$ cat work.pdb   # PDB, C-alpha atoms
ATOM      1  CA  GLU A   1       9.320  -3.774 -15.061
ATOM      2  CA  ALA A   2       8.826  -2.108 -18.503
ATOM      3  CA  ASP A   3       5.024  -1.565 -18.523
ATOM      4  CA  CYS A   4       4.709  -0.660 -14.794
ATOM      5  CA  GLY A   5       2.346   2.056 -13.528
ATOM      6  CA  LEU A   6       0.319   2.455 -16.784
ATOM      7  CA  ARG A   7      -3.211   1.067 -16.087
ATOM      8  CA  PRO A   8      -4.929  -0.819 -18.959
ATOM      9  CA  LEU A   9      -8.308   0.867 -18.187
ATOM     10  CA  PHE A  10      -6.828   4.429 -17.857
ATOM     11  CA  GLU A  11      -3.336   5.450 -19.145
ATOM     12  CA  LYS A  12      -3.480   2.797 -21.955
ATOM     13  CA  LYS A  13      -7.010   3.985 -23.116
ATOM     14  CA  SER A  14      -6.264   7.729 -22.698
ATOM     15  CA  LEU A  15      -8.844   7.729 -19.836
ATOM     16  CA  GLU A  16      -8.242   9.599 -16.535
ATOM     17  CA  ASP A  17      -9.710   8.642 -13.130
ATOM     18  CA  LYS A  18     -11.942  11.124 -11.209
ATOM     19  CA  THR A  19      -9.222  12.612  -8.886
ATOM     20  CA  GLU A  20      -5.810  12.011 -10.518
ATOM     21  CA  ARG A  21      -5.705  15.658 -11.816
ATOM     22  CA  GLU A  22      -6.097  17.001  -8.229
ATOM     23  CA  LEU A  23      -3.011  14.835  -7.299
ATOM     24  CA  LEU A  24      -0.909  16.081 -10.273
ATOM     25  CA  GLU A  25      -1.911  19.719  -9.395
ATOM     26  CA  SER A  26      -1.352  19.091  -5.609
ATOM     27  CA  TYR A  27      -4.767  20.883  -5.288
ATOM     28  CA  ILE A  28      -6.478  20.674  -1.826
ATOM     29  CA  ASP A  29     -10.172  21.656  -2.283
ATOM     30  CA  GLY A  30     -12.299  23.357   0.413
ATOM     31  CA  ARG A  31     -14.585  20.206   0.358
ATOM     32  CA  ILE A  32     -14.795  18.051   3.562
ATOM     33  CA  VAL A  33     -15.364  14.532   1.993
ATOM     34  CA  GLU A  34     -12.517  12.508   0.336
ATOM     35  CA  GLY A  35     -12.691   8.679   0.980
ATOM     36  CA  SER A  36     -14.971   7.164  -1.791
ATOM     37  CA  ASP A  37     -15.487   3.980  -3.924
ATOM     38  CA  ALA A  38     -12.670   3.348  -6.484
ATOM     39  CA  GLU A  39     -13.390   2.973 -10.259
ATOM     40  CA  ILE A  40     -12.860  -0.595 -11.638
ATOM     41  CA  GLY A  41      -9.148  -1.049 -12.555
ATOM     42  CA  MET A  42      -8.141   2.263 -10.803
ATOM     43  CA  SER A  43      -5.606   0.249  -8.695
ATOM     44  CA  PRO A  44      -4.754  -2.868 -10.752
ATOM     45  CA  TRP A  45      -1.637  -3.549  -8.544
ATOM     46  CA  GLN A  46      -3.928  -3.896  -5.442
ATOM     47  CA  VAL A  47      -3.387  -7.265  -3.629
ATOM     48  CA  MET A  48      -5.189  -8.927  -0.688
ATOM     49  CA  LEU A  49      -3.111 -11.193   1.615
ATOM     50  CA  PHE A  50      -5.548 -13.923   2.875
ATOM     51  CA  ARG A  51      -5.127 -16.604   5.573
ATOM     52  CA  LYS A  52      -5.536 -20.110   4.027
ATOM     53  CA  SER A  53      -7.675 -21.410   6.988
ATOM     54  CA  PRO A  54     -10.060 -19.969   7.800
ATOM     55  CA  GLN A  55     -10.336 -17.588   4.760
ATOM     56  CA  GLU A  56      -9.838 -13.995   6.088
ATOM     57  CA  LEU A  57      -8.266 -10.700   4.854
ATOM     58  CA  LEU A  58      -4.954 -10.440   6.872
ATOM     59  CA  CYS A  59      -3.507  -7.416   5.018
ATOM     60  CA  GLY A  60      -3.096  -5.427   1.805
ATOM     61  CA  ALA A  61      -0.144  -5.697  -0.565
ATOM     62  CA  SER A  62       0.873  -4.518  -4.036
ATOM     63  CA  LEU A  63       1.936  -6.232  -7.300
ATOM     64  CA  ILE A  64       5.385  -4.987  -8.471
ATOM     65  CA  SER A  65       6.068  -7.716 -11.148
ATOM     66  CA  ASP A  66       4.639 -11.047 -12.450
ATOM     67  CA  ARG A  67       6.298 -12.938  -9.468
ATOM     68  CA  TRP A  68       6.663 -10.219  -6.718
ATOM     69  CA  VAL A  69       4.213  -8.811  -4.108
ATOM     70  CA  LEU A  70       5.244  -6.082  -1.620
ATOM     71  CA  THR A  71       3.737  -5.689   1.896
ATOM     72  CA  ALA A  72       4.662  -4.687   5.487
ATOM     73  CA  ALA A  73       6.893  -7.046   7.560
ATOM     74  CA  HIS A  74       4.302  -6.730  10.440
ATOM     75  CA  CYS A  75       1.673  -8.412   8.166
ATOM     76  CA  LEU A  76       3.873 -11.589   8.272
ATOM     77  CA  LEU A  77       5.966 -11.368  11.494
ATOM     78  CA  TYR A  78       4.788  -9.799  14.818
ATOM     79  CA  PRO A  79       6.010 -11.898  17.796
ATOM     80  CA  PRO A  80       4.108  -9.785  20.434
ATOM     81  CA  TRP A  81       0.815 -10.916  18.772
ATOM     82  CA  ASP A  82       2.158 -14.473  18.176
ATOM     83  CA  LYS A  83       2.082 -13.648  14.402
ATOM     84  CA  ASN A  84       4.574 -15.816  12.405
ATOM     85  CA  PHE A  85       3.376 -16.850   8.864
ATOM     86  CA  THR A  86       5.027 -19.396   6.485
ATOM     87  CA  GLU A  87       4.532 -19.384   2.657
ATOM     88  CA  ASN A  88       2.086 -22.306   3.307
ATOM     89  CA  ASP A  89      -0.298 -20.391   5.673
ATOM     90  CA  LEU A  90      -1.125 -17.727   3.034
ATOM     91  CA  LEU A  91      -2.535 -16.914  -0.337
ATOM     92  CA  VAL A  92      -2.960 -13.628  -2.314
ATOM     93  CA  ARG A  93      -5.949 -12.447  -4.394
ATOM     94  CA  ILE A  94      -5.089 -10.068  -7.285
ATOM     95  CA  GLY A  95      -7.494  -8.044  -9.525
ATOM     96  CA  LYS A  96     -10.294  -7.647  -6.938
ATOM     97  CA  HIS A  97     -12.864  -4.796  -6.744
ATOM     98  CA  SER A  98     -15.609  -6.351  -4.551
ATOM     99  CA  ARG A  99     -14.409  -6.928  -0.937
ATOM    100  CA  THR A 100     -16.513 -10.150  -0.410
ATOM    101  CA  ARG A 101     -17.732 -11.560  -3.795
ATOM    102  CA  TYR A 102     -15.531 -14.133  -5.604
ATOM    103  CA  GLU A 103     -14.911 -12.288  -8.941
ATOM    104  CA  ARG A 104     -14.651 -15.284 -11.325
ATOM    105  CA  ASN A 105     -12.779 -14.543 -14.606
ATOM    106  CA  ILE A 106     -11.401 -11.231 -13.097
ATOM    107  CA  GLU A 107      -9.502 -12.009  -9.816
ATOM    108  CA  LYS A 108      -6.583 -14.520  -9.533
ATOM    109  CA  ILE A 109      -5.552 -16.544  -6.431
ATOM    110  CA  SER A 110      -1.772 -17.233  -6.100
ATOM    111  CA  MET A 111       0.239 -19.310  -3.636
ATOM    112  CA  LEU A 112       3.637 -18.105  -2.302
ATOM    113  CA  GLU A 113       6.980 -19.828  -3.076
ATOM    114  CA  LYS A 114       8.843 -17.734  -0.433
ATOM    115  CA  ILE A 115       8.662 -14.833   2.098
ATOM    116  CA  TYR A 116      11.544 -12.337   2.600
ATOM    117  CA  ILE A 117      11.559  -9.842   5.524
ATOM    118  CA  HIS A 118      14.092  -7.013   5.817
ATOM    119  CA  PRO A 119      16.871  -8.422   8.043
ATOM    120  CA  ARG A 120      16.753  -5.139  10.081
ATOM    121  CA  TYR A 121      12.950  -5.189  10.556
ATOM    122  CA  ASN A 122      12.455  -4.099  14.228
ATOM    123  CA  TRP A 123       9.102  -4.742  15.961
ATOM    124  CA  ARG A 124      10.470  -4.151  19.548
ATOM    125  CA  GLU A 125      10.542  -0.315  19.975
ATOM    126  CA  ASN A 126       8.946   1.068  16.745
ATOM    127  CA  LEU A 127       8.165  -0.775  13.436
ATOM    128  CA  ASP A 128      11.493   0.209  11.715
ATOM    129  CA  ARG A 129      12.184  -1.163   8.155
ATOM    130  CA  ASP A 130       8.639  -2.564   8.047
ATOM    131  CA  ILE A 131       8.884  -4.161   4.575
ATOM    132  CA  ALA A 132       8.533  -7.678   3.105
ATOM    133  CA  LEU A 133       8.431  -9.395  -0.341
ATOM    134  CA  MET A 134       6.411 -12.522  -1.268
ATOM    135  CA  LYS A 135       7.377 -14.597  -4.366
ATOM    136  CA  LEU A 136       4.342 -16.169  -6.094
ATOM    137  CA  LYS A 137       4.596 -19.978  -6.817
ATOM    138  CA  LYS A 138       3.834 -19.183 -10.524
ATOM    139  CA  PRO A 139       3.921 -15.854 -12.431
ATOM    140  CA  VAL A 140       0.439 -14.200 -12.569
ATOM    141  CA  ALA A 141      -1.019 -13.196 -15.986
ATOM    142  CA  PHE A 142      -1.539  -9.400 -16.444
ATOM    143  CA  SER A 143      -5.095  -8.380 -17.531
ATOM    144  CA  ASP A 144      -7.256  -5.211 -17.620
ATOM    145  CA  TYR A 145      -7.593  -5.709 -13.790
ATOM    146  CA  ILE A 146      -4.055  -7.058 -12.894
ATOM    147  CA  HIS A 147      -1.042  -4.794 -13.668
ATOM    148  CA  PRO A 148       2.104  -3.906 -11.673
ATOM    149  CA  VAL A 149       2.936  -0.516 -10.067
ATOM    150  CA  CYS A 150       6.425   1.074 -10.542
ATOM    151  CA  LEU A 151       8.896   1.396  -7.673
ATOM    152  CA  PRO A 152      10.652   4.778  -7.634
ATOM    153  CA  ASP A 153      14.255   5.432  -8.678
ATOM    154  CA  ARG A 154      16.374   8.058  -6.881
ATOM    155  CA  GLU A 155      15.145  11.052  -9.004
ATOM    156  CA  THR A 156      11.424  10.010  -8.811
ATOM    157  CA  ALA A 157      11.730   9.696  -4.971
ATOM    158  CA  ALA A 158      13.348  13.177  -4.530
ATOM    159  CA  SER A 159      10.834  14.685  -7.012
ATOM    160  CA  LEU A 160       7.469  13.192  -5.698
ATOM    161  CA  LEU A 161       7.975  12.548  -1.937
ATOM    162  CA  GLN A 162       7.648  16.193  -0.681
ATOM    163  CA  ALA A 163       5.455  17.978   1.938
ATOM    164  CA  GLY A 164       2.189  19.307   0.412
ATOM    165  CA  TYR A 165       2.283  16.936  -2.604
ATOM    166  CA  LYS A 166      -0.672  14.554  -2.831
ATOM    167  CA  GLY A 167      -0.615  10.699  -2.859
ATOM    168  CA  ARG A 168      -3.265   7.941  -2.877
ATOM    169  CA  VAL A 169      -4.268   5.152  -0.428
ATOM    170  CA  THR A 170      -6.445   2.327  -1.797
ATOM    171  CA  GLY A 171      -7.854  -0.588   0.202
ATOM    172  CA  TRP A 172     -10.880  -2.278   1.830
ATOM    173  CA  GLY A 173     -10.563  -0.555   5.260
ATOM    174  CA  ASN A 174      -8.553  -3.493   6.724
ATOM    175  CA  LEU A 175      -6.467  -0.994   8.821
ATOM    176  CA  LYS A 176      -9.702   0.490  10.340
ATOM    177  CA  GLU A 177     -11.157  -3.068  10.853
ATOM    178  CA  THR A 178      -7.900  -4.064  12.735
ATOM    179  CA  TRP A 179      -7.585  -1.004  15.054
ATOM    180  CA  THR A 180     -11.168   0.431  15.422
ATOM    181  CA  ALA A 181     -12.285   0.821  19.095
ATOM    182  CA  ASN A 182     -15.858   0.025  18.035
ATOM    183  CA  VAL A 183     -16.979  -1.411  14.715
ATOM    184  CA  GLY A 184     -19.492   1.349  14.034
ATOM    185  CA  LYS A 185     -19.881   1.350  10.265
ATOM    186  CA  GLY A 186     -18.987  -1.973   8.592
ATOM    187  CA  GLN A 187     -16.043  -2.679   6.264
ATOM    188  CA  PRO A 188     -16.554  -1.220   2.731
ATOM    189  CA  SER A 189     -18.090  -3.633   0.097
ATOM    190  CA  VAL A 190     -15.948  -2.258  -2.837
ATOM    191  CA  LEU A 191     -12.296  -0.915  -3.106
ATOM    192  CA  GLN A 192     -11.988   2.558  -1.462
ATOM    193  CA  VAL A 193      -9.696   5.439  -2.590
ATOM    194  CA  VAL A 194      -8.486   8.533  -0.633
ATOM    195  CA  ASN A 195      -5.983  11.271  -1.661
ATOM    196  CA  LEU A 196      -3.802  12.519   1.243
ATOM    197  CA  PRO A 197      -1.245  15.341   1.430
ATOM    198  CA  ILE A 198       2.299  14.437   2.568
ATOM    199  CA  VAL A 199       2.996  16.103   6.004
ATOM    200  CA  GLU A 200       6.184  18.029   7.020
ATOM    201  CA  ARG A 201       8.568  15.656   8.908
ATOM    202  CA  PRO A 202       8.668  17.944  12.030
ATOM    203  CA  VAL A 203       4.766  18.039  12.166
ATOM    204  CA  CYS A 204       4.766  14.151  11.890
ATOM    205  CA  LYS A 205       7.268  13.871  14.820
ATOM    206  CA  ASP A 206       5.332  16.296  17.135
ATOM    207  CA  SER A 207       2.076  14.367  16.294
ATOM    208  CA  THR A 208       3.148  11.106  18.156
ATOM    209  CA  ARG A 209       5.228   9.508  21.030
ATOM    210  CA  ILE A 210       6.485   6.846  18.535
ATOM    211  CA  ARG A 211      10.161   7.486  17.541
ATOM    212  CA  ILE A 212       9.637   8.322  13.778
ATOM    213  CA  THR A 213      12.543   6.907  11.684
ATOM    214  CA  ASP A 214      13.737   8.247   8.296
ATOM    215  CA  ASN A 215      12.466   4.814   7.042
ATOM    216  CA  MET A 216       8.949   6.375   7.458
ATOM    217  CA  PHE A 217       6.895   9.362   6.196
ATOM    218  CA  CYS A 218       3.386  10.536   7.168
ATOM    219  CA  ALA A 219       0.332  11.934   5.292
ATOM    220  CA  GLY A 220      -3.183  13.247   6.052
ATOM    221  CA  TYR A 221      -5.050  16.539   6.752
ATOM    222  CA  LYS A 222      -4.715  18.722   9.916
ATOM    223  CA  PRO A 223      -7.593  17.907  12.350
ATOM    224  CA  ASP A 224      -7.993  21.757  12.263
ATOM    225  CA  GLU A 225      -9.565  21.703   8.789
ATOM    226  CA  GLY A 226     -11.818  18.646   9.450
ATOM    227  CA  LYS A 227     -11.781  16.227   6.516
ATOM    228  CA  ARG A 228     -13.586  12.914   5.975
ATOM    229  CA  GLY A 229     -10.556  11.456   4.087
ATOM    230  CA  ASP A 230      -9.388   8.501   6.263
ATOM    231  CA  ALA A 231      -6.040   6.573   5.886
ATOM    232  CA  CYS A 232      -7.773   3.746   7.869
ATOM    233  CA  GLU A 233      -9.764   3.363   4.570
ATOM    234  CA  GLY A 234      -6.302   1.874   3.683
ATOM    235  CA  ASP A 235      -5.165  -1.755   4.270
ATOM    236  CA  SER A 236      -2.252  -2.627   6.573
ATOM    237  CA  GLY A 237       0.840  -3.166   4.322
ATOM    238  CA  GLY A 238      -1.108  -1.757   1.323
ATOM    239  CA  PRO A 239       0.123   0.792  -1.254
ATOM    240  CA  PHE A 240       0.580   4.602  -0.996
ATOM    241  CA  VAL A 241       1.031   5.764  -4.625
ATOM    242  CA  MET A 242       1.756   8.973  -6.577
ATOM    243  CA  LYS A 243       1.506   9.740 -10.302
ATOM    244  CA  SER A 244       4.642  11.147 -12.011
ATOM    245  CA  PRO A 245       3.952  14.253 -14.131
ATOM    246  CA  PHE A 246       7.195  13.307 -16.043
ATOM    247  CA  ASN A 247       6.251   9.872 -17.519
ATOM    248  CA  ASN A 248       2.499   9.512 -16.607
ATOM    249  CA  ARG A 249       3.327   6.419 -14.437
ATOM    250  CA  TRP A 250       2.084   5.373 -10.953
ATOM    251  CA  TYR A 251       4.864   4.822  -8.400
ATOM    252  CA  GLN A 252       4.475   3.174  -4.947
ATOM    253  CA  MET A 253       6.120   5.706  -2.585
ATOM    254  CA  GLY A 254       4.885   4.108   0.672
ATOM    255  CA  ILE A 255       3.542   1.006   2.480
ATOM    256  CA  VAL A 256       0.756   1.491   5.127
ATOM    257  CA  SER A 257       2.757   0.695   8.382
ATOM    258  CA  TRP A 258       1.727   0.472  12.106
ATOM    259  CA  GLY A 259      -1.886   1.747  12.511
ATOM    260  CA  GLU A 260      -2.096   2.589  16.273
ATOM    261  CA  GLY A 261      -2.295   6.283  15.223
ATOM    262  CA  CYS A 262      -5.621   5.446  13.450
ATOM    263  CA  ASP A 263      -7.876   5.352  16.573
ATOM    264  CA  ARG A 264      -8.319   9.124  17.333
ATOM    265  CA  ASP A 265      -8.611  11.303  14.155
ATOM    266  CA  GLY A 266      -6.147  14.059  15.347
ATOM    267  CA  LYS A 267      -3.191  11.961  14.083
ATOM    268  CA  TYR A 268      -1.706  11.135  10.655
ATOM    269  CA  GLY A 269      -1.097   7.946   8.668
ATOM    270  CA  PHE A 270       2.478   6.533   8.913
ATOM    271  CA  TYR A 271       4.010   4.950   5.734
ATOM    272  CA  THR A 272       7.238   2.937   5.165
ATOM    273  CA  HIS A 273       9.562   4.918   2.818
ATOM    274  CA  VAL A 274       9.971   2.487  -0.133
ATOM    275  CA  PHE A 275      12.935   4.205  -1.844
ATOM    276  CA  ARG A 276      14.941   4.321   1.445
ATOM    277  CA  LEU A 277      14.774   0.439   1.464
ATOM    278  CA  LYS A 278      15.120  -0.084  -2.323
ATOM    279  CA  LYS A 279      18.669  -1.635  -2.027
ATOM    280  CA  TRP A 280      17.163  -4.572  -0.075
ATOM    281  CA  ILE A 281      14.078  -4.799  -2.368
ATOM    282  CA  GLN A 282      16.222  -4.901  -5.581
ATOM    283  CA  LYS A 283      18.818  -7.335  -4.079
ATOM    284  CA  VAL A 284      15.947  -9.804  -3.289
ATOM    285  CA  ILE A 285      14.362  -9.363  -6.798
ATOM    286  CA  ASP A 286      17.780  -9.652  -8.611
ATOM    287  CA  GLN A 287      19.221 -12.586  -6.619
ATOM    288  CA  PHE A 288      16.105 -14.634  -5.567
ATOM    289  CA  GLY A 289      13.781 -14.242  -8.588
ATOM    290  CA  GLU A 290      14.475 -15.808 -12.027
TER     291      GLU A 290
END

$ encode --input "work.pdb" --output "structure tokens"
Amino acid sequence: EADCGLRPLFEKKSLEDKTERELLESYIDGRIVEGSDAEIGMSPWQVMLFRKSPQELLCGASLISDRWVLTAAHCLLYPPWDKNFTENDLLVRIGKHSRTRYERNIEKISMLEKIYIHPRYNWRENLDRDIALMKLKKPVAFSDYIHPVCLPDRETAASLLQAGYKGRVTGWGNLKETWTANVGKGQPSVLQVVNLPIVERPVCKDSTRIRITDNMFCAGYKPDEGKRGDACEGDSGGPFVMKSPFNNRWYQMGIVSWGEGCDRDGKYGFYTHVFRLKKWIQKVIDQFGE
């Protein structure tokens, strides 16, 4: 996709969002608070996966072209929970800011032609190769509020996905809503944003009893320096993104995966490693698109 990762309301208008410079500088401030309301059009690739009947937010997702949405396999297929969705059970909403309000003349509703799950998706032991693509029935029309994110190439993945560099989780707290012991505060009313440092692989592994695959990375602050930035502000199967200092473009480096780690805030967020699985993604796009 030629235009990917340049937002109409930012890169295309020479405007910057409130925290992108802190990402590009990999700066971690002394401040405690991180997880705030997003600016309109800050995340124009942001997608909601909704159940047809009754209407409910199942998951997050991301727009990668006019016909292609990316999410987590577990959003579509989780036999232990009796979760098994067809194209027909689902729609997506693209361009949203408000969690609850129907945003007439801004948001678009699409149906799915087809669902594709990584043939080596494993829900049994750990959530390995937790990735899926959804083909829209009809191409969606890009707008100020609807624009695709880039997927990384080999050099962008090596360059951006490194311990101590800073990436971005956007969503409507659907991960929190799914996994929260108690619903204390309610779900956010507007799109949330949080910037999270990528964690050393060995620190990730020691943090959990889940067998951490190389198909996964993790991000978040040490409990030691207590921060209010919460991954659970993210949506299950939603985007983890980074800005390239080389071409000024937003790349999706991760998918919000399994969110059992969410419950006690001494753990980190676990993300599917997009570039690791790009051969499958590109094969599906090349062979089952146009």

$ residues_around --input "work.pdb" --residues "segment 265-272 of chain A" --least-positions-apart "6" --cutoff "6 Å" --atoms "only C-alpha atoms" --output "ChimeraX atom specification"
/A:215-220,223,231,254-257

$ atom_distance --input "work.pdb" --atom1 "atom CA of residue 83 of chain A" --atom2 "atom CA of residue 112 of chain A"
17.4 Å

$ resolve_selection --input "work.pdb" --expression "the PyMOL selection byres ((chain A and resi 208-211) around 10)" --output "JSON, numbers by chain"
{"A": [125, 126, 127, 128, 203, 204, 205, 206, 207, 212, 213, 214, 260, 261, 267, 268]}

$ write_last_selection --input "work.pdb" --atoms "C-alpha atoms" --output "mmCIF file, keeping the file's coordinate frame"
data_model
loop_
_atom_site.group_PDB
_atom_site.id
_atom_site.type_symbol
_atom_site.label_atom_id
_atom_site.label_comp_id
_atom_site.auth_asym_id
_atom_site.auth_seq_id
_atom_site.Cartn_x
_atom_site.Cartn_y
_atom_site.Cartn_z
ATOM 1 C CA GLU A 125 10.542 -0.315 19.975
ATOM 2 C CA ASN A 126 8.946 1.068 16.745
ATOM 3 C CA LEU A 127 8.165 -0.775 13.436
ATOM 4 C CA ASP A 128 11.493 0.209 11.715
ATOM 5 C CA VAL A 203 4.766 18.039 12.166
ATOM 6 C CA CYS A 204 4.766 14.151 11.890
ATOM 7 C CA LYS A 205 7.268 13.871 14.820
ATOM 8 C CA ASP A 206 5.332 16.296 17.135
ATOM 9 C CA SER A 207 2.076 14.367 16.294
ATOM 10 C CA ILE A 212 9.637 8.322 13.778
ATOM 11 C CA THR A 213 12.543 6.907 11.684
ATOM 12 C CA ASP A 214 13.737 8.247 8.296
ATOM 13 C CA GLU A 260 -2.096 2.589 16.273
ATOM 14 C CA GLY A 261 -2.295 6.283 15.223
ATOM 15 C CA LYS A 267 -3.191 11.961 14.083
ATOM 16 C CA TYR A 268 -1.706 11.135 10.655
#

$ closest_residue --input "work.pdb" --among "A:72, A:275, A:241, A:17" --to "residue 157 of chain A" --atoms "all atoms listed in the file"
A:275

$ atom_distance --input "work.pdb" --atom1 "atom CA of residue 64 of chain A" --atom2 "atom CA of residue 149 of chain A"
5.3 Å

$ atom_distance --input "work.pdb" --atom1 "atom CA of residue 106 of chain A" --atom2 "atom CA of residue 234 of chain A"
21.9 Å

$ residues_around --input "work.pdb" --residues "residue 43 of chain A" --least-positions-apart "4" --cutoff "10 Å" --atoms "only C-alpha atoms" --output "number ranges by chain"
A: 5, 7, 9, 38-39, 47, 62, 95-97, 145-149, 168-171, 191-193, 239, 241, 250

$ write_last_selection --input "work.pdb" --atoms "C-alpha atoms" --output "compact mmCIF listing (two decimals), in the frame of the given file"
# COMPACT_ATOMS: atom_id res chain seq x y z
CA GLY A 5 2.35 2.06 -13.53
CA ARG A 7 -3.21 1.07 -16.09
CA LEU A 9 -8.31 0.87 -18.19
CA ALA A 38 -12.67 3.35 -6.48
CA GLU A 39 -13.39 2.97 -10.26
CA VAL A 47 -3.39 -7.26 -3.63
CA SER A 62 0.87 -4.52 -4.04
CA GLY A 95 -7.49 -8.04 -9.52
CA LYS A 96 -10.29 -7.65 -6.94
CA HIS A 97 -12.86 -4.80 -6.74
CA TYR A 145 -7.59 -5.71 -13.79
CA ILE A 146 -4.06 -7.06 -12.89
CA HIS A 147 -1.04 -4.79 -13.67
CA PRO A 148 2.10 -3.91 -11.67
CA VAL A 149 2.94 -0.52 -10.07
CA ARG A 168 -3.26 7.94 -2.88
CA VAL A 169 -4.27 5.15 -0.43
CA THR A 170 -6.44 2.33 -1.80
CA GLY A 171 -7.85 -0.59 0.20
CA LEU A 191 -12.30 -0.92 -3.11
CA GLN A 192 -11.99 2.56 -1.46
CA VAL A 193 -9.70 5.44 -2.59
CA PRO A 239 0.12 0.79 -1.25
CA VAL A 241 1.03 5.76 -4.62
CA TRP A 250 2.08 5.37 -10.95

$ closest_residue --input "work.pdb" --among "A:44, A:197, A:8, A:152" --to "residue 229 of chain A" --atoms "all atoms listed in the file"
A:197

$ closest_residue --input "work.pdb" --among "A:167, A:242, A:202, A:90" --to "residue 54 of chain A" --atoms "all atoms listed in the file"
A:90

$ residues_near_point --input "work.pdb" --point "(-5.1, 9.2, -12.3)" --cutoff "9 Å" --atoms "only C-alpha atoms" --output "PyMOL selection string"
chain A and resi 10-11+15-24+42+242-243+248+250

$ residues_around --input "work.pdb" --residues "residue 281 of chain A" --least-positions-apart "3" --cutoff "12 Å" --atoms "all atoms listed in the file" --output "count of residues only"
29

$ closest_residue --input "work.pdb" --among "A:263, A:76, A:45, A:153" --to "residue 183 of chain A" --atoms "all atoms listed in the file"
A:263

$ residues_around --input "work.pdb" --residues "residue 110 of chain A" --least-positions-apart "2" --cutoff "9 Å" --atoms "only C-alpha atoms" --output "PyMOL selection string"
chain A and resi 91-94+108+112+136-140

$ closest_residue --input "work.pdb" --among "A:159, A:26, A:100, A:282" --to "residue 48 of chain A" --atoms "only C-alpha atoms"
A:100

$ axis_aligned_box --input "work.pdb" --around "segment 67-73 of chain A" --padding-each-side "3 Å" --output "JSON"
{"center_x": 5.3, "center_y": -8.8, "center_z": -1.0, "size_x": 9.2, "size_y": 14.3, "size_z": 23.0}

$ build_atoms --input "work.pdb" --residues "segment 216-227 of chain A" --atoms "N, CA, C and O atoms" --output "PDB file, in the frame of the given file"
ATOM      1  N   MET A 216      10.410   6.138   7.320  1.00  0.00           N
ATOM      2  CA  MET A 216       8.949   6.375   7.458  1.00  0.00           C
ATOM      3  C   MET A 216       8.636   7.792   6.996  1.00  0.00           C
ATOM      4  O   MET A 216       9.494   8.678   7.195  1.00  0.00           O
ATOM      5  N   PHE A 217       7.467   8.004   6.398  1.00  0.00           N
ATOM      6  CA  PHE A 217       6.895   9.362   6.196  1.00  0.00           C
ATOM      7  C   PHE A 217       5.443   9.355   6.684  1.00  0.00           C
ATOM      8  O   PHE A 217       4.917   8.301   7.095  1.00  0.00           O
ATOM      9  N   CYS A 218       4.793  10.511   6.715  1.00  0.00           N
ATOM     10  CA  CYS A 218       3.386  10.536   7.168  1.00  0.00           C
ATOM     11  C   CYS A 218       2.576  11.466   6.259  1.00  0.00           C
ATOM     12  O   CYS A 218       3.174  12.199   5.460  1.00  0.00           O
ATOM     13  N   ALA A 219       1.259  11.265   6.233  1.00  0.00           N
ATOM     14  CA  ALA A 219       0.332  11.934   5.292  1.00  0.00           C
ATOM     15  C   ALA A 219      -1.043  12.052   5.942  1.00  0.00           C
ATOM     16  O   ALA A 219      -1.328  11.277   6.899  1.00  0.00           O
ATOM     17  N   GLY A 220      -1.849  12.996   5.474  1.00  0.00           N
ATOM     18  CA  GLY A 220      -3.183  13.247   6.052  1.00  0.00           C
ATOM     19  C   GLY A 220      -3.405  14.729   6.286  1.00  0.00           C
ATOM     20  O   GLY A 220      -2.439  15.484   6.232  1.00  0.00           O
ATOM     21  N   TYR A 221      -4.649  15.128   6.536  1.00  0.00           N
ATOM     22  CA  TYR A 221      -5.050  16.539   6.752  1.00  0.00           C
ATOM     23  C   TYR A 221      -4.911  16.892   8.229  1.00  0.00           C
ATOM     24  O   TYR A 221      -5.059  15.981   9.073  1.00  0.00           O
ATOM     25  N   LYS A 222      -4.664  18.174   8.530  1.00  0.00           N
ATOM     26  CA  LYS A 222      -4.715  18.722   9.916  1.00  0.00           C
ATOM     27  C   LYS A 222      -6.112  18.442  10.457  1.00  0.00           C
ATOM     28  O   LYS A 222      -7.082  18.624   9.724  1.00  0.00           O
ATOM     29  N   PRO A 223      -6.271  17.993  11.725  1.00  0.00           N
ATOM     30  CA  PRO A 223      -7.593  17.907  12.350  1.00  0.00           C
ATOM     31  C   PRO A 223      -8.317  19.258  12.257  1.00  0.00           C
ATOM     32  O   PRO A 223      -9.498  19.255  12.007  1.00  0.00           O
ATOM     33  N   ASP A 224      -7.482  20.359  12.215  1.00  0.00           N
ATOM     34  CA  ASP A 224      -7.993  21.757  12.263  1.00  0.00           C
ATOM     35  C   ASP A 224      -8.989  22.022  11.132  1.00  0.00           C
ATOM     36  O   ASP A 224     -10.063  22.591  11.386  1.00  0.00           O
ATOM     37  N   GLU A 225      -8.638  21.596   9.933  1.00  0.00           N
ATOM     38  CA  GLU A 225      -9.565  21.703   8.789  1.00  0.00           C
ATOM     39  C   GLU A 225     -10.112  20.288   8.683  1.00  0.00           C
ATOM     40  O   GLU A 225      -9.449  19.534   7.968  1.00  0.00           O
ATOM     41  N   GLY A 226     -11.274  20.010   9.293  1.00  0.00           N
ATOM     42  CA  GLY A 226     -11.818  18.646   9.450  1.00  0.00           C
ATOM     43  C   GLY A 226     -12.220  18.017   8.142  1.00  0.00           C
ATOM     44  O   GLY A 226     -13.081  18.553   7.479  1.00  0.00           O
ATOM     45  N   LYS A 227     -11.586  16.889   7.826  1.00  0.00           N
ATOM     46  CA  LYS A 227     -11.781  16.227   6.516  1.00  0.00           C
ATOM     47  C   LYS A 227     -12.244  14.791   6.728  1.00  0.00           C
ATOM     48  O   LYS A 227     -11.817  14.155   7.675  1.00  0.00           O
TER      49      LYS A 227
END
